[PDB]
């Protein structure tokens, strides 16, 4: 996350971190339930094998409430391809159930039609992760969050070198130096509606980080509510 601020205790409890064979984070995820994590399909390509850490806010200190979970099953959208980055969604079923606690709780899944008219029309959402704090910089050792404005799809298409699909949406800032970044992919974009946070996006991609005239691109979770439901019942 470029700009933004650190997540305090309990503030971003649905964050998950995918860790590679080096025990280093390389992508985020969103806790959906005791057994399921939402992430980006493209993340699955970027480690030989990986596990999930929940409850972490500082990767350099072991803190109360951190736990590690192995993945039993990966469910990757069959239509995902790096050619388009379209359908950038996967669900992970864990071997053992997550114990909810301080800093570990699920984000809500919205109902579809309601979500389109009610969530996707809000001014802003919140993205979080352990990614780089600058385009060419190092990954954050601290969990960060950032409020990002929803961006009009047409302005986003105009700004983009690549095709924006109906399974994506854009968020962030034209020139203000705040955005998600490398290492945040797969992580949560949540939208608050009356005291409750609903998962609305998966951090997917960007042309650099916080570039002038470029936005952040997110997988549109409302496009996949049925798919996610079927995956969590498999």
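Positions refer to the first chain, counted from 1.
Higher mean CA temperature factor, per the PDB entry, when comparing 15-23 with 208-216: 15-23. A summary of the deposited B-factors shows that, of 52-60 and 163-171, the stretch with the larger mean C-alpha value is 52-60. As recorded in the PDB entry, 115 shows the highest C-alpha B-factor of the residues 90, 105, 143, 115.
Each of 121, 128, 81, 155 has a CA temperature factor in the record; the biggest one is found at 121. Residue 191: CA B factor in the middle third of modelled residues in this chain (values from the PDB entry). Annotation for residue 147: C-alpha temperature factor in the middle third relative to the rest of the modelled chain, per the entry. Among the modelled residues of its chain, residue 176 has a C-alpha B-factor that falls in the highest third according to the deposited record. Annotation for residue 47: CA B-factor lies in the highest third of the chain's modelled residues.
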